[PDB]
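Data first, discussion second: the structure below is written as structure tokens.
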There are 2 protein chains.
Amino acid sequence: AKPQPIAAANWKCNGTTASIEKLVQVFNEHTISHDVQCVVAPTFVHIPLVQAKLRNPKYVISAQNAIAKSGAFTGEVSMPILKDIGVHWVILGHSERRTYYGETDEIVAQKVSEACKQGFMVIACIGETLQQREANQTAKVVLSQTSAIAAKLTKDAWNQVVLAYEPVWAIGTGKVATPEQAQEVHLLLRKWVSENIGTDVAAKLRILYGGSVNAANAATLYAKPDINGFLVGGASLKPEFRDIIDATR
Amino acid sequence: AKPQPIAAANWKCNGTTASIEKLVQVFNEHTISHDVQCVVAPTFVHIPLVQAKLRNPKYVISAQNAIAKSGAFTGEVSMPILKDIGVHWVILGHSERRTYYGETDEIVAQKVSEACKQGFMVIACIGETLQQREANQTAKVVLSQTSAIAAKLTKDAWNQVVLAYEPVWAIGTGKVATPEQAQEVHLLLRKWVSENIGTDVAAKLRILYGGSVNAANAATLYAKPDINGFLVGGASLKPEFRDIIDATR
Ligand SMILES: *C[C@@H](O)COP(=O)(O)O
Ligand SMILES: *C[C@@H](O)COP(=O)(O)O
């Protein structure tokens with residue numbers, strides 16, 4: 001009775017046209033035989049290449065970030081611009097944007113709200129730091145991040161939201177969360193959604209895990225009842241993303 | 001004895017594929033009969049479209065921003081990625097990135113240095129605020145911004161630099177700097193470069209003006225001896241950019 005899983009590739013700031021062409025061919029040649037939404041999020045400048053080359057019908061293309069409106073915002077890409085070029089998925093609130101690039105809960109929440117209004121599917125990232133984990137604040141943090149986002153959404157908007165629980169200490173560090181750690185958080189998130197948003201919304205909501213997912217640990221994560229797939233960084237640059245997808249069977 | 005002028009279009013966060021196709025056709029059909037480097041800086045996601053459609057031999061394509069290195073920087077585009085896709089011009093330090101997106105003098109200077117090391121032509125933006133202007137700090141500000149950049153450059157690197165003097169109060173406000181205001185600043189910048197970098201470097205350096213340039217005011221700006229062309233925002237989205245280019249004759 002889980003909702004449809006998602007296997008999402010966050011390529012981050014990586015790729016050449018040669019490397020992308022090779023990896024997209026790998027993705028194309030991998031026949032997927034279960035119901036899963038695959039997502040690839042290239043850098044902005046690589047979106048047209050991926051749109052030209054990616055043909056696997058289980059995939060959609062996502063942006064890694066956006067701003068809400070067009071205008072005098074040198075260097076940024078807006079949601080209307082993405083929609084016009086055919087991109088209607090976006091990752092918002094990823095941790096280094098929160099950490100490095102000043103995206104507060106309020107800024108993330110506003111972005112998510114705008115994206116939903118413009119018809120995007122949104123992968124909204126939440127997660128605690130190592131300091132917060134060791135201070136026994138994990139629940140408080142992820143619920144605060146989630147409630148900030150929720151405050152700007154209507155109930156219907158949640159049909160467009162995907163949460164990605166990504167402990168900051170697991171991102172790129174080779175220190176994956178255990179299945180029990182991840183399940184604990186996904187369960188408490190889903191219960192919050194059930195009680196604060198709706199029981200229907202909670203049952204349908206995809207809550208993905210991210211942070212050092214690889215092809216060897218993914219199936220055991222996916223076996224937990226409240227884990228609906230993955231947001232994958234480093235391993236999504238490699239052919240083993242195929243087995244991460246198949247770990248959602 | 002001016003160096004080769006530049007007419008640069010900063011499209012900012014604007015465009016659809018239909019609007020871009022139409023404007024690029026206008027640019028293509030405009031025959032330019034003098035020595036000028038034209039530059040168009042689309043949003044990242046529009047770079048491939050512009051590369052596919054733009055054919056006027058006086059043009060090159062620029063990014064509106066970049067980060068120095070590839071890696072775990074969700075949402076950002078790096079200098080190596082741009083180089084690989086054929087983009088070897090970049091605008092750095094534009095005012096709302098300084099104001100809105102936390103680019104300090106140190107961050108701008110580091111970006112400019114990295115870009116030069118990677119073989120980019122760089123349009124490095126400097127300029128004072130209205131508050132700084134009214135406090136009689138214009139010179140101090142633009143020289144501080146310039147010297148910060150200079151501190152991370154070798155002499156040879158300056159062959160890749162273009163300065164864009166853009167008073168913040170003139171950006172998008174319909175309040176262009178007068179020719180005398182702009183010339184005063186360009187003269188003091190060039191003298192600083194001459195004395196601190198080299199007399200040869202100063203003679204060859206393009207110092208562009210930006211901030212509410214349009215087709216009607218451009219020629220009178222260009223007539224000033226230390227103005228080498230323009231960084232154009234709003235008017236570069238319109239067919240009248242053709243006459244801004246021709247104002248550098
Ligand atoms: C969610 C994403 O940032 C995790 O990156 P990994 O390299 O998969 O840890
Ligand atoms: C340099 C650039 O920001 C100026 O924009 P305008 O719209 O031309 O004032």
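Numbers here mean position along the shown chain, with the first residue as 1.
The header says X-ray crystallography, 1.1 Å.
Placement of Cβ uses the backbone N, Cα and C atoms for every residue, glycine included.
Annotated features in Swiss-Prot:
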- A:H94: active site, electrophile (ACT_SITE)
- A:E166: active site, proton acceptor (ACT_SITE)
- A:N10, A:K12: substrate binding site (BINDING)
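Of all the recorded positions given, namely A:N10, A:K12, A:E166, the one with the smallest number of surrounding CB atoms inside 10 A is A:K12. The Cβ of A:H94 (active site, electrophile) has 31 neighbouring Cβ atoms from other residues within 10 Å, across all protein chains displayed.
The CA atom of A:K12 (substrate binding site) is located 10 Å away from the CA atom of A:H94 (active site, electrophile). Under 6 Å, Cβ to nearest atom of ligand 1: this is the test, and of the recorded positions A:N10, A:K12, A:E166 it is passed by A:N10, A:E166. In this entry, A:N10, A:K12, A:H94 stand out among the recorded positions A:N10, A:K12, A:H94, A:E166 as having a C-beta under 8 A from a C-beta of chain B. Cα separation, the residue listed as 'active site, electrophile' to A:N10 (substrate binding site), rounded: 10 Å. The two recorded residues, A:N10 (substrate binding site) and A:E166 (active site, proton acceptor), have Cα atoms 12 Å apart. The secondary structure of the residue listed as 'active site, electrophile', as reduced to three states from DSSP, is coil rather than helix or strand.
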